[PDB]
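Just one chain follows, in the form deposited in one PDB entry, and it is written as structure tokens.
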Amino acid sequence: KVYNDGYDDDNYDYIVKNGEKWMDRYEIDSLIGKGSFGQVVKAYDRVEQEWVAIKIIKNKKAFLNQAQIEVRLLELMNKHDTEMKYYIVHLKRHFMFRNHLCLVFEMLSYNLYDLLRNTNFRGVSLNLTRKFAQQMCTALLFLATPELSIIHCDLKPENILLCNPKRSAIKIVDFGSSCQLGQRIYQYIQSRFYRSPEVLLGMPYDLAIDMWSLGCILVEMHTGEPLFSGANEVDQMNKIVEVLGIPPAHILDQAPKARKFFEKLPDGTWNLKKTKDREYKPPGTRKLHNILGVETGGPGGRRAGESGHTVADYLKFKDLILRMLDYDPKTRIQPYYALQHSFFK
């Protein structure tokens, strides 16, 4: 039995062959990534003499349709970013090849997990975190351009790639999960560790959900470890609550899924639910002040007396993160204002 004249496996994926040449132009090197959508391969573009990443979408209508939306968002961004100055990997071109949609990007070689793994998950410096944070806030600034109003919806270390000159810069990839404000209203979205309270609570959401993800990611960049590593949605919300306390009553009163996590008392206040069975630190007592080590030399005490890691520096970082982790999406800090924060001065 053959699929797509022998080009596909039994799962609608193009059968990648190291060394194959596509259209006398792309010399396929190796598989670099894979997922439900298809595959990403490393290839050498002989015409432009440069390494590229090619995202090969499955020969399957559902994934083709998803990726056609992705292409339209990338092309929209290209129309607003002729200088490629916003830390988003640029779509160079797209084409159909043997019944697969192919998106071609400049080739980057590492993600943020790779960088953290090289620190043995001890985290990078506050100085490097500051540079990456400014770059990510600049990307979010661009996405909130009114005509764009793009919600990435899947910010996580795997979708943040490193630029080849090392410690210079990161760039965002994977807009296959993204939508525009008021175009898709899917409810179980974001990667769980980076999932905002509004999404957990089943409430309406906007571009502020990406700023929540970014706050979580920035803490993880500096500490080496995920801030909120929930094994399921209840564990996820409970780990958020350990750090930030019970969400405001005016939010829980409007939340479809409030009762998945909390119970309203006759007093009108909200508490965590309890179970006949896990055990959590009391609400708000796992202080970000101590996660970051503001007064104790940073994470693990490893930054004691290091330039750019003074108590004053840590207090500005802590303040920015808490502004990104505001429970209220209407008052959570927005990209332009984050970029004006004293942490970046």
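In this text, rigid core is short for the largest set of C-alphas that superpose within 1.5 Å between two forms. All residue numbers are counted from 1 along the displayed sequence. Shifts are known only where both forms have a C-alpha.
Across the other PDB entries of this protein whose models span the neighbouring residues, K276 goes unmodelled in a third or more. The entry models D277 and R278 with a gap of 1 to 3 deposited residues left without coordinates. Mean CA temperature factor is higher for 264 to 272 when stretches 264 to 272 and 99 to 107 are set side by side in the entry.
Mean CA temperature factor is higher for 251 to 259 when stretches 141 to 149 and 251 to 259 are set side by side in the entry. Based on the entry's C-alpha B-factors, the most elevated value among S213, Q183, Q236, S178 belongs to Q183. Per the deposited record, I246 carries the highest C-alpha B-factor of all listed residues (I246, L200, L112, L74). Among all modelled residues in its chain, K42 ranks in the middle third by Cα B-factor.
When all modelled residues of the chain are sorted by CA temperature factor, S125 is found within the middle third. In the deposited entry, the Cα temperature factor of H90 places it in the middle third of its chain's modelled residues. Ranked by Cα temperature factor within the chain, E70 sits in the lowest third according to the deposited record.
The entry lists a Cα temperature factor for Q187 that places it in the highest third of the chain's modelled residues.
Heads up, the form deposited in another entry isn't pictured, but that's what we're talking about next.
Large C-alpha shift between this form and the one not shown, rigid core held fixed: of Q183, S149, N271, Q134, this applies to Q183 alone, with a displacement of 2 Å or more. Annotation: Cα of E75 displaced by less than 2 Å between this form and the one not shown, core superposition.
For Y86, a C-alpha deviation of 2 angstroms or more is recorded between this form and the one not shown after rigid-core alignment. Comparing the forms between this form and the one not shown, the C-alpha position of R167 differs by 2 angstroms or more, with the core used for superposition. In the other form, the Cα positions of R184 and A255 lie at least 3 Å nearer to each other than in the form displayed. Compared with the form shown, the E27-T82 C-alpha separation increases in the other form, the change being 3 Å or greater.
Legend: core-fitted overlay between this form and the one not shown; highlighted in sequence order are 81 to 86, 165 to 167, 183 to 185, the runs of at least 3 consecutive residues with CA shifts of 2 angstroms or more.
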